[PDB]
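S.K.: Sharing a structure with you now.
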Amino acid sequence: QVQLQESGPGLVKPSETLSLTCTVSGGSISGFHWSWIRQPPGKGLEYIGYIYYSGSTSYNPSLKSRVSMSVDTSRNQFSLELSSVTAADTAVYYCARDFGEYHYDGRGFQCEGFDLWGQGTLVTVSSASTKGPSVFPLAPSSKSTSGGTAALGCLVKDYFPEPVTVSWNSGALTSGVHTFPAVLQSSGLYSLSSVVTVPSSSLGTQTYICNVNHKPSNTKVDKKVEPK
Amino acid sequence: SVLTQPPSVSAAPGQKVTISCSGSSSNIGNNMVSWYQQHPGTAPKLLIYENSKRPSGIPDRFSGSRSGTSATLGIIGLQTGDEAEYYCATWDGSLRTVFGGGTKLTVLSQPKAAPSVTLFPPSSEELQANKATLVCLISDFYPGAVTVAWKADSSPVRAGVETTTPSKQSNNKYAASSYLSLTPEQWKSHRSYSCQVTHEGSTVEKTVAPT
Amino acid sequence: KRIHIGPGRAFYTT
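For the protein sequence lines, the chains are H, L and P, in the order given. Numbering (the entry's author numbering) for the first sequence: 1 to 82, 82A to 82C, 83 to 100, 100A to 100K, 101 to 214. Numbering (the entry's author numbering) for the second sequence: 2 to 9, 11 to 27, 27A to 27B, 28 to 95, 95A, 96 to 106, 106A, 107 to 209. Numbering (the entry's author numbering) for the third sequence: 305 to 309, 312 to 320.
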């Protein structure tokens, strides 16, 4: 019955402070240790730290110079403040309830797990500037003996935000076409590639063009890809 | 990372599997392990706690055990719905909770297939912009999990590597891509660069050269 | 004194 709900800005400018809050309902902060865990897109989980209902804290050493957490028992909420953010902090942030082992010596609470989790909120660290991509032709390599099959492609580099569409020869070429999902770089910009597998015999009689369109920036490029 | 897990495991539906979680005296050796199941797009879900205890709602076909400085998650009677990422975790002497890198569980619904790899060198156009990107396109593999390693000549390289998560293709196999960003001088200063993709213990590699 | 705080177990220091 206890439910956790994150509340965050969504987008955050690099170097600025990321602030999140978690609201606990159908239960209370009282008597429990609470944590924030984050997961960059496509990557692993990283514990940020914990805070006891009374206010005592423990933070992951790798983030100690930039993090702090607080608690407001009156509203049954606890928060997170992460300073000097960069693209490395782009990730889904989850709040959770903790459990583990408690020692009465000095080790105090040892967080071994999280039984209750919020739904997570995506925090993107970016200027949010609309940027059109640069389009580079990926020329087919050299191959003898009839050449057999040839692979040509296009690199759609550094654009923001998603999405981007790619077609070949105005859509006339669909067989052998493979456009790959984009990669999100540490620069906060996206890049994707598209490749087409074609018969070698006609690399001289058939022109190949990758039609790239990044609608948010109104960037349209028709790049000819030819063997070198 | 502190806790280590195999990147992927798979079996046919109805079969059983185990997932290892390798730790050390600083974590598993002194603290109890918890496990989570995560379906992409949603939050992790507690499966096991205190090494082997199962919370209410989790079927008994999921089990956990700990021995020495390692732990194990066992799953019996695989169902398609069990496909997800599994993680182990516990407290480490470095004063923080640590998670294993995660294991992708695939419930075999088609024959395993090795990845096709295509590698492109930096374009002359990008080089004139004083940039260099090696593009490694990986497709038609199953299960959908691969590990990519890049070599500069015969030496390993980690800096500048960005690899996407595998995505399901229309034919139900998987695709992924890895990008290696280099300076024009790095590109021209090596005899060749290699993109090596490991899938199911087998490595498919491609090499390109500046010349 | 090694006390195990299981999932959902409210625990008070004071």
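Every residue gets a Cβ at the ideal spot worked out from N, C-alpha and C, and that includes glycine.
Take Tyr140 (chain L) as the anchor and find which of L:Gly41, L:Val106, L:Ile58, L:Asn30 has the nearest alpha-carbon.
M.R.: Checked all of L:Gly41, L:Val106, L:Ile58, L:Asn30; the closest Cα to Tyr140 (chain L) is L:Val106.
S.K.: How about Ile21 (chain L) and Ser34 (chain L): are their beta carbons less than 8 Å apart?
M.R.: No. Outside cutoff.
S.K.: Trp154 (chain H) touches chain L at which residues, Cβ-Cβ below 7 Å?
M.R.: Residues of chain L passing the Cβ test: none, with the nearest at roughly 15 Å.
S.K.: Alpha carbon to alpha carbon, how far is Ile195 (chain H) from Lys209 (chain H)?
M.R.: Taking the straight line joining both Cα atoms gives about 5 Å.
S.K.: Tell me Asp72 (chain H)'s beta-bridge partners as DSSP assigns them.
M.R.: According to DSSP, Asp72 (chain H) bridges with H:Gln77.
S.K.: When we look at the beta-carbon of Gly104 (chain H) and count the other beta-carbons within 10 Å, is it buried (16 or more) or exposed?
M.R.: The residue in question, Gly104 (chain H), is buried, as its Cβ has 16 or more Cβ neighbours within 10 Å.
S.K.: Interface residues of chain P around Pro44 (chain L) at Cβ under 7 Å?
M.R.: Near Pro44 (chain L) there are no residues of chain P at all, since even the closest Cβ is about 14 Å away, more than 7 Å.
S.K.: Which chain H residues are close to residue 210 (chain L), counting only those with a beta carbon under 8 Å from its beta carbon?
M.R.: This structure cannot speak to residue 210 (chain L), because chain L is shown only from 2 to 209.
S.K.: Taking a Cβ distance cut-off of 9 Å, strictly less, list which residues of the region 43-70 of chain L are near chain P, in chain order.
M.R.: Listed by position along the chain: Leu46, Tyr49, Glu50, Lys53, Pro55.
S.K.: Taking Cβ positions only, does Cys100H (chain H) come closer than 8 Å to chain L?
M.R.: Closer than 8 Å to some Cβ of chain L, the Cβ of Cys100H (chain H) qualifies, so yes.
S.K.: If you compare alpha carbons, which of H:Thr131, H:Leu20, H:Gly190 is closest to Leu80 (chain H)?
M.R.: Among H:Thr131, H:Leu20, H:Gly190, the Cα nearest to that of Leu80 (chain H) belongs to H:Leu20.
S.K.: Mind checking if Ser30 (chain H) is an interface residue toward chain P, Cβ cutoff 8 Å exclusive?
M.R.: Output row for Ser30 (chain H): interface = yes.
S.K.: Which residue comes first and which comes last in the alpha helix (DSSP H) that contains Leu125 (chain L)?
M.R.: Looking at the DSSP string, the run of the alpha helix (DSSP H) that includes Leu125 (chain L) is 122-126.
S.K.: Taking beta-carbon pairs under 8 Å, can you tell me which members of the region 139-167 of chain H lie near chain L?
M.R.: Residues passing the 8 Å Cβ filter: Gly139, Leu141, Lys143, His164, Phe166, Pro167.
S.K.: For the candidate residues H:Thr183, H:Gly100C, H:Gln100G, H:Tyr59, whose alpha-carbon lies nearest to that of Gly97 (chain H)?
M.R.: Among H:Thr183, H:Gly100C, H:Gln100G, H:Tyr59, the Cα nearest to that of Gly97 (chain H) belongs to H:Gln100G.
S.K.: CB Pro164 (chain L) to CB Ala174 (chain L), shorter than 8 Å?
M.R.: For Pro164 (chain L) and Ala174 (chain L), yes; Cβs fall inside 8 Å.
S.K.: Nearest-angstrom Cα distance between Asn128 (chain L) and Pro120 (chain L)?
M.R.: If I take the Cα positions, the gap works out to 11 Å.
S.K.: Suppose only complete runs of 3+ residues qualify. What are the beta strand (DSSP E) ranges in the region 134-173 of chain L, listed by chain order?
M.R.: Within the region 134-173 of chain L, the complete beta strand (DSSP E) runs of at least 3 residues are 145-150, 153-155, 159-161.
S.K.: Could you tell me which residues DSSP pairs with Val12 (chain H) in its beta bridges?
M.R.: H:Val111.
S.K.: Assuming the contact rule is C-beta atoms closer than 8 Å, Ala93 (chain H) and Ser153 (chain H) should be a hit. Round their C-beta distance to whole Å, please.
M.R.: Going by Cβ atoms, the distance from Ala93 (chain H) to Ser153 (chain H) rounds to 44 Å, so no, they are not a contact pair.
S.K.: By Cβ distance below 6 Å, which residues in the same chain neighbour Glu160 (chain L) in space, the five residues on each side in sequence not counted?
M.R.: Excluding sequence neighbours, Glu160 (chain L) sits near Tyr177.
S.K.: Assuming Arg61 (chain L) contacts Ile75 (chain L) under a Cβ cut-off of 8 Å, what Cβ separation, rounded to an integer in Å, is found between them?
M.R.: With a Cβ gap of about 6 Å, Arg61 (chain L) and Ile75 (chain L) count as contacting.
S.K.: At a cut of 8 Å, does the region 53-60 of chain L reach the region 113-123 of chain H through at least three beta carbon pairs?
M.R.: Because the criterion of three Cβ pairs below 8 Å is not met, the region 53-60 of chain L and the region 113-123 of chain H do not touch.
S.K.: Might you give, ordered along the chain, the residues of its own chain that have their beta carbon closer than 8 Å to the beta carbon of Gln79 (chain L), omitting 5 neighbours on each side?
M.R.: Excluding positions up to five away in sequence, the list reads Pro15, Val106.
S.K.: Alpha carbon to alpha carbon, how far is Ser26 (chain L) from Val3 (chain L)? Give it in angstroms, no decimals.
M.R.: For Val3 (chain L) and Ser26 (chain L), the distance between alpha carbons rounds to 8 Å.
S.K.: Where does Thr80 (chain L) sit, in a helix, a strand or coil, going by DSSP?
M.R.: Helix, per DSSP.
S.K.: Curious, which full-length alpha helix (DSSP H) runs of at least 4 residues does the region 27-52 of chain H contain?
M.R.: The qualifying runs do not exist here; there are none.
S.K.: Just to confirm, are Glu203 (chain L) and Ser192 (chain L) a CB contact at a threshold of 8 Å?
M.R.: It is a contact, given that the beta carbons lie within the stated cut-off.
S.K.: Specify, as a first and last residue, the run of the beta strand (DSSP E) that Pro123 (chain H) falls within.
M.R.: Residues 120-124.
S.K.: Can we say the region 139-159 of chain H touches the region 168-179 of chain H, given the rule of at least three CB pairs closer than 8 Å?
M.R.: These segments touch.
S.K.: What do you get for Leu11 (chain H), buried or exposed, if any count of 16 or more other CB atoms within 10 angstroms of its CB means buried?
M.R.: Looking at its Cβ environment, which holds fewer than 16 other Cβ atoms inside 10 Å, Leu11 (chain H) is exposed.
S.K.: Please check if any C-beta of chain H sits within less than 8 Å of the C-beta of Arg95A (chain L).
M.R.: Yes - at least one Cβ of chain H is within 8 Å of the one on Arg95A (chain L).
S.K.: Which word fits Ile307 (chain P), buried or exposed, when buried means at least 16 other C-beta atoms lie within 10 angstroms of its C-beta?
M.R.: Exposed, since its Cβ has fewer than 16 Cβ neighbours within 10 Å.
S.K.: Find the residues of chain H that neighbour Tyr177 (chain L), judging by a C-beta separation of less than 7 Å, and give them in chain order.
M.R.: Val169, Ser177, listed in chain order.
S.K.: According to DSSP, what are the bridge partners of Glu148 (chain H)?
M.R.: Paired residues: none, contrary to the question.
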